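The opening residue of the sequence shown carries number 15 in mature numbering (1 follows the signal peptide of the UniProt record, and there is no 0); numbering runs sequentially from there.
Cβ coordinates follow ideal geometry from the N, Cα and C atoms, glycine included.
Heads up, the thing below is written out as structure tokens.
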Amino acid sequence: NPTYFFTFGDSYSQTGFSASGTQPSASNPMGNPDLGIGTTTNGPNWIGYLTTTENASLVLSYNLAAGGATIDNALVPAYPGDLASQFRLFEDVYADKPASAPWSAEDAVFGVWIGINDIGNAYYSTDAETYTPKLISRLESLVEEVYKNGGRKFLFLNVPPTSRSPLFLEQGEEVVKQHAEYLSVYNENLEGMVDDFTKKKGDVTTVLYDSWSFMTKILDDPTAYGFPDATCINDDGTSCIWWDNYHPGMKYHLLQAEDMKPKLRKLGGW
């Protein structure tokens, strides 16, 4: 009795899964590509670790995350594969519960990790207090599409401190600060929307995973986690927190997945 884990997001979640490639099965839970391929980590990412390492039972991963994705190109635009288009791919292929993914409210989990690129692109040009509610409202409306399909279990990751990635550190501490403050407002509004959705529906199981606090702990004390510092980049994915100047490595993702496992028990697969 599998858990169908449909995920949506950006390069922090991307694996290169194609809806026309090999589909998830018990013998091959990621479907495609092979576990450890397609990521920004040099190895598995948090979804690969959740699906195959931290899982308490069979988890099937349908990873629709796409690189550079924002929520909706009608708000903050970036690449064609925004979150809206990921939901459309889900609606096109999996929403109607085909034989290849015959999910139900009791065994499907919808994981969304979005906002890094929206903030990364709009933190200096928009007013966080009035603009991030628009982004969050659009995210909620996409979530409502899956709700209408019969989805009832949802996992939302808040935005981690990309303010402190090398890409942003290099832009100066006042830019780090301006980005961080905007990001705090986004995460607050994200939490408020997850809380409101959960209460309003009354029949959903939700988890808001505070990636921000977890990564911040590591950045603040990296050697406690086996990292030499919080700034080095190493594309081996394990020697430093950062795999490149804006994405963490497999070691970080594993630590995150391990941090998440206990928090995901109520979702059914952990």
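Pull the bridge partners of residue i from the DSSP assignment, please.
i       : result
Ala-79  : Beta-bridge pairing links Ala-79 to no other residue.
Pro-262 : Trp-256
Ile-247 : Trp-256
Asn-163 : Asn-163 pairs with nothing; no bridge assigned.
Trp-284 : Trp-284 is not bridged to any residue.
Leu-222 : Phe-170
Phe-124 : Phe-20, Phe-168
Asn-42  : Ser-39
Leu-74  : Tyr-18
Taking the alpha-carbon of residue i as reference, which of the options has the nearest alpha-carbon?
i       : options                            : result
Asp-110 : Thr-67, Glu-154, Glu-159           : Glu-159
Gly-282 : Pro-38, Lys-148, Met-264, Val-123  : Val-123
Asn-131 : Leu-49, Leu-197, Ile-51, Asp-234   : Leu-197
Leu-204 : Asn-163, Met-274, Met-229, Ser-155 : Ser-155
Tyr-260 : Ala-98, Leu-269, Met-274, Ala-244  : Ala-244
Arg-152 : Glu-187, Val-90, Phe-182           : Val-90
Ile-61  : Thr-36, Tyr-18, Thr-252, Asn-87    : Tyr-18
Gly-125 : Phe-182, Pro-94, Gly-82, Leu-64    : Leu-64
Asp-96  : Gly-129, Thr-66, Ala-40            : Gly-129
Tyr-161 : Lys-214, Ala-88, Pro-38            : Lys-214
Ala-115 : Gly-81, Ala-33, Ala-271, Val-157   : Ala-33
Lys-280 : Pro-94, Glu-202, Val-218           : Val-218
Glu-202 : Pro-147, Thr-55, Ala-83            : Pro-147
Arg-102 : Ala-92, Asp-121, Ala-80            : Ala-80
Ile-85  : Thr-55, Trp-127, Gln-37            : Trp-127
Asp-249 : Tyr-93, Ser-39, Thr-54             : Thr-54
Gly-134 : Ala-98, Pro-94, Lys-191            : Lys-191
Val-199 : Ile-232, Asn-172, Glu-187          : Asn-172
Throw me the rounded Cβ distance for the residue i and residue j pair, which I believe falls under 8 Å.
i       : j       : result
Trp-256 : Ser-177 : 13 Å between Cβ atoms; not a contact.
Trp-284 : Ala-70  : 5 Å
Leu-78  : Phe-31  : 7 Å
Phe-20  : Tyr-145 : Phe-20 to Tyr-145, Cβ: 28 Å. No contact.
Whole angstroms are fine: how far does the CA of residue j sit from the CA of residue i?
i       : j       : result
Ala-136 : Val-189 : 12 Å
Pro-112 : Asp-141 : 42 Å
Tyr-26  : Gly-216 : 30 Å
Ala-194 : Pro-174 : 10 Å
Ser-139 : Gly-263 : 30 Å
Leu-278 : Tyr-223 : 9 Å
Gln-100 : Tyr-239 : 34 Å
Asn-42  : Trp-117 : 17 Å
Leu-268 : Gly-50  : 12 Å
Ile-150 : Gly-23  : 14 Å
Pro-242 : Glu-184 : 19 Å
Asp-258 : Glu-143 : 31 Å
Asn-87  : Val-157 : 17 Å
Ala-92  : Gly-82  : 7 Å
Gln-37  : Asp-121 : 17 Å
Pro-276 : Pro-94  : 35 Å
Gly-206 : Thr-230 : 21 Å
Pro-236 : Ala-40  : 36 Å
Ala-98  : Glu-187 : 33 Å
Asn-15  : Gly-35  : 23 Å
What does a CB cutoff of less than 6 Å around residue i pick up in its chain, not counting 5 residues either side in sequence?
i           : result
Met-44      : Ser-75
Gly-164     : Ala-119
residue 285 : In this structure the chain extends from 15 to 284, so residue 285 is not present and cannot be described.
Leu-233     : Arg-178, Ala-244
Excluding the five sequence neighbours on either side, which residues of its own chain have a C-beta within less than 8 Å of the C-beta of residue i, listed in chain order?
i       : result
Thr-220 : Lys-167, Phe-168, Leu-169, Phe-170, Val-208, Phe-211, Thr-212
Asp-273 : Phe-228
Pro-58  : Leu-49, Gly-50, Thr-66, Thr-67, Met-264, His-267, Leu-268
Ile-247 : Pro-180, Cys-254, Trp-256, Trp-257, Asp-258, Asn-259
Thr-29  : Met-44, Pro-47, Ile-51, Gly-52, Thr-53, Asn-59, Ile-61, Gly-62, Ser-75, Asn-77, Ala-79
Who are the near neighbours of residue i in its chain, counting only those whose CB is closer than 7 Å to its CB and skipping five residues on each side?
i       : result
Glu-105 : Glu-159
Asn-56  : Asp-249, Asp-250, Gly-251, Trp-257, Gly-263, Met-264
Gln-270 : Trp-60, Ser-225, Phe-228
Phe-182 : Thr-176, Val-189, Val-190, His-193
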